[PDB]
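Read the structure below first, then the notes.
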Amino acid sequence: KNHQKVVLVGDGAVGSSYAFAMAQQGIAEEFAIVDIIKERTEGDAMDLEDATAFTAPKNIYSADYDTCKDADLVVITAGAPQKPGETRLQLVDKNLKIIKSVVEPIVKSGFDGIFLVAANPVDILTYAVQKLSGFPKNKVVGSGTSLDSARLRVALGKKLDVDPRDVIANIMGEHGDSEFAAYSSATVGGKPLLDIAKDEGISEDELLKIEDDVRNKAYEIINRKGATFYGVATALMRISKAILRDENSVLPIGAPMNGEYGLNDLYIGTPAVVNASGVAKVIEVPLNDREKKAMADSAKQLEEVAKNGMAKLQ
Amino acid sequence: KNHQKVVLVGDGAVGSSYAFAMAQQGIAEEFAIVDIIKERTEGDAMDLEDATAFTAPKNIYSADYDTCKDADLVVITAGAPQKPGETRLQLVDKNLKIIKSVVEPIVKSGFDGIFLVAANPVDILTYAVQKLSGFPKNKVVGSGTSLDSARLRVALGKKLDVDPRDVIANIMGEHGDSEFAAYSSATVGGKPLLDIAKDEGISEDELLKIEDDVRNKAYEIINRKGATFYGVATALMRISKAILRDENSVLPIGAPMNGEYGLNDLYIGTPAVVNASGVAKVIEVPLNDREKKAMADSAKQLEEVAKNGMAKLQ
Amino acid sequence: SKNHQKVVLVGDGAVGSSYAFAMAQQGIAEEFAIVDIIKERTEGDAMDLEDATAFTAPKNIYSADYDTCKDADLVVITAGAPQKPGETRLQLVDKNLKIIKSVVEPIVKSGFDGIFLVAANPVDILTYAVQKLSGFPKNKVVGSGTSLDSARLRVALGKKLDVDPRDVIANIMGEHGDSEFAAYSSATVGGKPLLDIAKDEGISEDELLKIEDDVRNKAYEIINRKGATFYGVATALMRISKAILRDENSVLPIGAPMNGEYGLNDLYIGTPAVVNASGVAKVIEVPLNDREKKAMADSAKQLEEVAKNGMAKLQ
Amino acid sequence: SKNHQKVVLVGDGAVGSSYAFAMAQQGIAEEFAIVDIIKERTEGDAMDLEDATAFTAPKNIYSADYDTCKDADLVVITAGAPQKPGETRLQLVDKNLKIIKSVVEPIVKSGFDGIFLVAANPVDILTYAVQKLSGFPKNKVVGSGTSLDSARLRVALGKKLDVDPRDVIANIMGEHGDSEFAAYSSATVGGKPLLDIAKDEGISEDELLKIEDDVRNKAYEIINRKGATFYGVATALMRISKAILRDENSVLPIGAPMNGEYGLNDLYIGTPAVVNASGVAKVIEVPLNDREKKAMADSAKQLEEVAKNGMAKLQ
């Protein structure tokens with residue numbers, strides 16, 4: 001084959017934004033859009049097409065699951081949101097059944113590329129996507145704590161007047177309320193962030209609120225304009241370029257665990273090296289006492305829910 | 001001042017997409033969002049911020065009209081859509097009153113940058129923005145037939161298997177039903193498009209439908225997914241870079257007329273040279289008999305509606 | 001391949017070293033092999049060029065031999081000695097034909113199955129030779145041809161009109177060299193005839209024939225100032241290389257295989273052509289007015305006799 | 001200014017010509033003046049570099065004199081003669097101090113009010129001199145300093161770990177040259193200590209001291225192969241130039257004015273620093289372990305005596 005083919009599954013606000021971000025960046029020459037309502041996925045290809053007159057060329061079209069036979073990359077944003085009076089366990093059970101109905105026909109098409117999974121809850125569903133496909137663990141890449149890392153970075157940028165790209169600051173654990181900022185491993189210019197904190201008169205106090213503001217930014221953005229999508233759309237575009245450009249770039253992702261942090265048989269938020277084979281390397285960072293306790297607490301929790309969910313899905 | 005400041009006015013789907021497209025492209029270091037509902041324009045700055053961790057740095061914030069004092073660029077997407085049982089004349093009268101309420105406070109702030117006007121109907125409202133501001137005509141740039149040119153280009157690309165960027169094909173006239181494709185001036189590689197048409201067995205017949213499909217793509221996209229925004233968002237980003245990078249780039253825009261096509265005292269769709277001063281040069285293209293008749297018909301029509309509208313607005 | 005893309009450069013002179021650096025800046029091709037005779041120089045260059053990768057996109061840059069071509073997507077041939085003072089164009093031709101034979105045989109022996117881009121001068125003779133000697137289909141030998149001088153014409157018409165050179169759609173056509181011409185009648189700015197732009201701007205017939213002549217002399221004029229010319233063609237090579245590796249189907253002026261276009265066949269010559277992952281997708285046959293019809297015929301007949309005598313002599 | 005940005009290059013040697021080409025590829029700065037002694041070469045170069053603009057972003061590239069600096073945002077000084085065989089470092093110092101005096105006086109006389117970026121070797125002595133001789137605040141003289149060798153260290157640690165060199169946060173620090181060191185204790189990959197990466201990867205203390213030494217020798221090793229080194233620093237200059245013109249507040253290793261950081265004052269020296277439209281925004285004072293504390297002190301004391309004797313001699 002002559003050029004690179006991404007398949008997006010799920011053309012909601014997250015998925016649409018991803019497709020547009022890949023249109024602006026001129027990444028992937030062919031872009032397949034797969035969802036249930038074919039009239040919408042068509043309208044979206046027609047709308048997204050119009051950008052290719054000012055960006056790089058791209059053949060964007062609406063498709064079905066079979067398009068994956070010759071895909072390099074399947075991006076799964078497929079899932080229903082949290083309806084009021086739906087608990088997290090019902091959201092989990094509803095979304096596992098959605099992801100089973102996406103993975104099985106992708107794998108039946110003879111797709112042998114890389115998965116990036118972005119559907120919430122993302123570390124449960126990255127686990128599920130690997131279980132259901134049979135794919136090697138490194139060829140299922142989780143979006144995981146990429147976005148919330150990006151959020152910690154943008155917040156620490158504004159507080160220090162540093163380009164967000166040079167804040168090496170990681171949100172780690174299960175994407176969601178049990179995640180934490182790995183502040184003791186975090187640096188700007190090689191200099192510890194907890195040293196920058198002490199010279200800038202930024203207390204332990206403020207850093208725990210900065211951390212808690214990252215966890216609540218989804219809520220705060222949903223509560224203002226109804227949804228959140230540009231952040232993750234961009235995080236997804238960035239992991240997409242590490243894979244397709246074979247970069248060996250260092251990104252916080254939902255990465256398969258094989259002993260790192262004392263964890264196994266689990267996807268969870270850590271810095272990883274990302275390339276054409278997916279997760280190349282987990283980077284196992286030094287955790288202080290609080291971070292170590294949040295990673296253990298976050299992981300054990302995530303494991304029970306992801307295994308009962310697969311057991312109940314069957 | 002040390003860096004470039006864009007102000008978007010109007011943070012609907014068109015405006016939001018524009019802001020994201022400028023975030024991906026790393027164009028403008030400071031990006032002000034002005035609309036009525038401050039909780040939405042805030043939510044959008046918070047959402048758009050998150051991209052700057054993977055793209056170039058950008059200080060995006062919600063503001064009011066006063067932010068324009070030190071703006072290089074004001075992008076006006078402000079306007080209400082066409083409600084069913086609203087005629088075009090009521091849409092015109094409603095949108096003129098909206099644009100008067102945007103222009104007056106921008107000009108009161110002491111803004112002395114460039115306008116790009118994208119609110120529909122765009123050639124009436126580019127006219128209005130120039131009348132209301134008192135600004136020299138070249139410092140009011142219309143979005144005009146940029147999008148629909150982009151659409152003709154993408155359609156002729158697919159039909160010939162040519163990168164849409166190398167189809168030099170212009171939609172001209174008033175953006176809307178009275179516009180036409182300047183096919184006799186259109187070329188690929190220097191070679192006339194009507195010669196490519198005759199070798200490719202593409203009839204006069206097919207080209208008039210290709211033209212009519214460009215005019216109906218808004219409708220067709222609205223009818224599939226409820227709205228159209230990625231095309232114009234990208235067209236707006238592209239004209240935005242010609243201004244801010246002082247490019248002297250050739251783009252189809254709503255350009256001020258001073259004798260070109262036998263027209264005066266009018267903004268209308270033509271290729272123009274775009275730079276840091278706005279419209280540098282109108283490019284007056286050869287029209288065949290049909291194109292000349294569509295440009296005259298489109299322009300006279302647009303003039304009566306734009307002058308009654310300003311007369312009624314007062 | 002496709003998901004980790006490999007360019008091989010053959011010839012790490014000024015043109016080739018500039019090419020590698022332009023491909024370093026643009027972040028195009030994940031792997032970049034340099035093949036030249038003196039390995040201590042091709043190594044020193046890969047060491048200097050990798051220093052860029054800390055600020056540009058990642059790239060595996062290294063000195064190699066001809067065997068590296070087995071898994072290459074794209075082989076860029078800049079190799080050949082330039083014109084010595086008492087050397088005739090015929091001896092430059094005969095010398096560089098024997099050099100390109102000595103590059104092509106080991107490329108083919110490596111099992112290389114990707115695309116050639118030929119930049120060695122004289123470029124339309126040597127693109128002919130690369131095709132005859134490789135056995136590769138005509139579409140997978142792309143000649144740099146009139147890309148650079150097209151770039152020169154566009155930049156000169158851009159300074160004259162204060163237009164972005166990327167929107168000045170003017171081609172230099174024919175054999176790259178003294179016989180080439182500006183296709184001014186087919187040339188356009190936003191779809192406007194350039195001859196009409198010329199008449200409104202007070203640019204006469206004779207100023208355009210000088211602009212055309214000044215393009216053919218720019219190499220000499222630059223060589224006489226700073227000893228050599230390379231940034232132009234380095235860029236043109238990078239641009240054709242991006243159309244191939246990104247499968248763009250972009251319209252570029254190139255040395256394009258002829259099959260009836262301009263009444264020509266069994267020749268590579270300067271025309272706008274659609275370029276993608278398979279090399280030359282589509283030759284654009286542009287309309288020629290009476291002067292440039294006669295310049296294309298004159299340029300092509302000439303280039304044919306020299307390419308056929310040269311290959312007859314080589315073989 | 002801001003909306004049409006002007007860089008002036010002073011010195012169109014190999015380093016400066018590469019810089020201009022990298023700035024051509026990246027589409028940074030709308031106007032680019034080249035100021036050197038031999039005007040026929042600075043013209044030939046502007047003619048060759050403009051040929052790029054047909055495929056890259058538009059740019060007004062031209063040969064100028066020192067007066068062009070009046071409306072410049074950024075003046076890049078690469079100017080100075082390299083080390084002649086029987087020349088001591090003191091005579092190289094004394095020769096290049098008198099050259100930089102002869103560049104700085106007419107820049108200042110033009111009414112130039114933008115930022116200096118100083119790349120001429122020895123770079124931390126000559127950044128000191130550019131500040132003393134210009135009268136400009138310390139923040140508006142940015143030294144290229146340890147940017148290139150930082151780039152070298154990162155590319156070498158990237159090949160060893162198969163990590164994108166852009167994610168290897170390792171700095172070379174001190175005086176650019178033989179006294180400089182790799183700040184390995186403060187160095188990190190995704191927030192992981194590099195010394196921990198070293199111990200898991202079986203990379204010993206002695207291999208890291210060789211990697212450090214191999215960075216200090218890379219210039220020599222490249223010069224011995226291909227006569228000169230330029231693509232590295234050309235790139236480093238382009239990167240610092242983008243942080244200034246885009247007001248990025250990006251963290252880069254540079255020759256940064258000292259005001260108490262490392263117990264140093266009244267010196268330019270290699271440290272990571274935040275760089276924006278006002279030049280040096282913020283020096284990052286990184287933690288030094290016992291070896292690199294003693295390398296920074298040793299490097300800085302040395303550089304101080306030579307910069308003060310040299311300016312005493314010049315003045």
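The sequence lines fix the lettering, A, B, ..., with proteins before strands; numbering per chain opens at 1.
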Using a 6.0 Å cut-off, check whether atom NZ of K294(C) has over 12 heavy atoms from anything other than its own residue. no
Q5(C) versus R246(C), side-chain donor and acceptor atoms under 3.5 Å: yes
Would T42(D) and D12(D) count as having a side-chain donor-acceptor pair, cut-off 3.5 Å? no
Under a plain distance cut-off of 3.5 Å, with no hydrogens placed, do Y262(C) and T271(C) share a side-chain donor-acceptor pair? yes
On a heavy-atom basis, the closest approach of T53(D) and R166(C) is O-CG, 4.2 Å
Could you tell me whether the side chain of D166(B) and the main chain of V251(C) form a donor-acceptor pair under 3.5 Å? yes
Please enumerate all residues that pass side chain to side chain contact (heavy atoms under 4.5 Å, CB included) together with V233(C), with sequence neighbours excluded. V15(C), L148(C), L237(C)
Look at atom CG of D178(C) and say whether more than 12 heavy atoms of other residues, nucleotides or ligands are closer to it than 6.0 Å. no
Testing the 3.5 Å rule here: is there a donor-acceptor pair between the side chains of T68(C) and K6(C)? yes
Which of parallel (below 30°), tilted (30 to 60°) and perpendicular (above 60°) describes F21(C) and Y231(D)? parallel
For a quick check under 3.5 Å, do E31(D) and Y62(D) share a side-chain donor-acceptor pair by atom type? yes
Working to the nearest 0.5 Å, report the span between CG of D206(C) and CG of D213(C). 12.0 Å
Measure up the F32(C) and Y19(C) rings against each other and bin them: parallel (under 30°), tilted (30 to 60°), perpendicular (over 60°). tilted
